[PDB]
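So this first bit is one chain, no partners, the form deposited without the DNA, shown in structure tokens.
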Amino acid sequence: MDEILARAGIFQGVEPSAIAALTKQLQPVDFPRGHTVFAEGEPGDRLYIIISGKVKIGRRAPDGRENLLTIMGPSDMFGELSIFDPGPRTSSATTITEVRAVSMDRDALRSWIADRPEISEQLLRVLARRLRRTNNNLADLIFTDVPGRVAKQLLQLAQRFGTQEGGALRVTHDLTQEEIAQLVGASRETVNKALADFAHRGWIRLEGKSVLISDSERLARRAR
């Protein structure tokens, strides 16, 4: 599991042999599927790295309507925004499978950067990347229509969690039909038809909390 940790935004760029010498006394946590690790708006000082399982990053309207910002998995950090720009959690963080993680608090995190200055530019790198992704997600809402947007999401899910079957990519995305619409940021029926059409043409084939992508090249053409 040290192997999964070493793939972090933090542990990337700290001498790999020395990554052993530091991974010791962190608090390692467990969560059942469905656990609110923390809620949007509340204070918090902990940052987590996912050892195993997937966490969904949610945003909730006063109205009661839900929205998913991104899905995190093995090796992804979450809960760092309220640390770096001190303030409240910018969103809810909810487990999607059972989840093994490892957390560290604000001060523990201070030791780390002081002793291993390299971390900061990787941390900078993660937020910058996330900015880029979010910038895109945002423009997609102003500009891209639903099936176009579903295409992007499956594709993004696939670069992040996809495995190979041969020519085709497996995407065990551990999601419900409503969470997928929630990532896409549009109606549930509408996301399902967009998905049905793509299945129709054997571009994708749906199976449980999972999708198999046959024809990524056309898929990527519905994106745009």
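Just count from 1 along the sequence shown to find any residue number. Definition used throughout: the rigid core is the maximal C-alpha set that superposes within 1.5 Å between two forms. Shifts are known only where both forms have a C-alpha.
Participant: Mean C-alpha B factor from the entry: is it higher for 24 to 32 or for 175 to 183?
Facilitator: Comparing 24 to 32 with 175 to 183, the higher average CA B-factor belongs to 24 to 32.
Participant: Using only C-alpha atoms and the B-factors in the entry, which stretch averages higher, 124 to 132 or 107 to 115?
Facilitator: Comparing 124 to 132 with 107 to 115, the higher average CA B-factor belongs to 107 to 115.
Participant: Should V191 be placed in the lowest, middle or highest third of its chain by the C-alpha B factor in the entry?
Facilitator: Middle third, going by the recorded CA B-factors of the chain.
Participant: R160: which third of its chain by C-alpha temperature factor?
Facilitator: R160: CA B-factor falls in the middle third of its chain.
Participant: Please say which third, lowest, middle or highest, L68 falls into when its CA temperature factor is compared across its chain.
Facilitator: Middle third by C-alpha B-factor.
Participant: Comparing against every modelled residue in the chain, figure out the third that the C-alpha B-factor of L169 lands in (lowest, middle or highest).
Facilitator: As the PDB entry reports it, the C-alpha B-factor of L169 lands in the highest third of its chain.
Participant: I49: which third of its chain by C-alpha temperature factor?
Facilitator: Its C-alpha B-factor, which the entry lists for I49, ranks in the lowest third among residues of this chain.
Although it is not shown, the form solved in complex with the DNA is what the next lines describe.
Participant: Non-hydrogen atoms within 4.5 angstroms of the DNA in the entry with it bound: do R65, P147 and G185 all have one?
Facilitator: All of them do, each having a heavy atom within 4.5 Å of the partner.
Participant: Tell me, which of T172, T190, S52, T70 has a heavy atom within 4.5 angstroms of the DNA in the entry with it bound?
Facilitator: Looking at the other structure, the residue within range turns out to be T190.
Participant: Name the stretch: of 172 to 180, 43 to 51, 23 to 31, 153 to 161, exactly one has residues whose heavy atoms fall within 4.5 Å of the DNA in the entry with it bound.
Facilitator: Contact-bearing stretch, as computed: 172 to 180.
Participant: Would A61 count as touching the DNA in the entry with it bound under a 4.5 Å heavy atom rule?
Facilitator: Looking in the entry with it bound, residue contacts with the DNA do not include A61, since no heavy atom lies within 4.5 Å.
Participant: For the heavy atom contacts within 4.5 Å of the DNA in the entry with it bound, list the residues of 67 to 95 involved, in sequence order.
Facilitator: If the 4.5 Å heavy-atom criterion is applied to the DNA in the entry with it bound, 67 to 95 yields nothing.
Participant: I need the moving stretches between the shown form and the other one: superpose on the rigid core, then report runs of 3+ consecutive residues where each CA shifts by 2 Å or more, in sequence order.
Facilitator: CA shift run, sole hit: 16 to 18.
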